[PDB]
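Colleague: This structure is in structure tokens; I'll ask about it shortly.
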There are 2 protein chains.
Amino acid sequence: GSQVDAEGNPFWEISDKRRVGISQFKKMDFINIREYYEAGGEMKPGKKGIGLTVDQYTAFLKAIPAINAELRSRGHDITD
Amino acid sequence: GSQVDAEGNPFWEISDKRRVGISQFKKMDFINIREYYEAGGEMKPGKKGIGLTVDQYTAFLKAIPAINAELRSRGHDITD
């Protein structure tokens, strides 16, 4: 499910500490994939991550079938 | 299209400097999304990026329809 982070941006958890979220800067949207760390009980964005532009994200989407096929070859069950 | 990088791992370009590739360490596979920099004509992996486990990557896949819907709301054309 989608949540709203401390900055008021939507995000999805992909593990206990890693998020994918969407931020907006100067009217441009970014897809942020990033690991958060916990300090004093607060989750804070850390250095492991990347903010994709929409065009980079859509290029990633186009590569996903090939990425998935490679992972299936390596023995991983991946959905269509 | 899929290429093979200097380390002998498959990768896909998502922009001029950013790649998604798959590496293997101790028999575990990682999906690496990372920006490369150019020095002396050589492309080198930089600090902007993240190496997802397969489970993190599949969780990301499950979130993509919702991420896409949010981006469409924001005005971006995104394919199914």
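Residues are named by chain letter and number: chains run A, B, ... in the order of the structure tokens, numbers start at 1 in each chain, and ligands are numbered from 1 in the order shown.
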Run DSSP on the backbone and grab whatever in chain A lands in strand (DSSP E); send it over as a count of residues only.

Modeller: 38

Colleague: Using only C-alpha atoms, find each residue in chain B having at least one atom no more than 7 Å away from chain A; report its shortest atom-to-atom pair and that distance in Å (one decimal), rows by chain then rising number, as a Markdown table.

Modeller:
| residue | atom | partner | partner_atom | distance |
| --- | --- | --- | --- | --- |
| B:12 | CA | A:63 | CA | 6.8 |
| B:14 | CA | A:59 | CA | 5.1 |
| B:15 | CA | A:56 | CA | 6.0 |
| B:48 | CA | A:50 | CA | 5.5 |
| B:49 | CA | A:50 | CA | 4.8 |
| B:50 | CA | A:49 | CA | 4.8 |
| B:56 | CA | A:14 | CA | 5.2 |
| B:59 | CA | A:14 | CA | 5.1 |
| B:60 | CA | A:14 | CA | 5.8 |
| B:63 | CA | A:12 | CA | 6.8 |
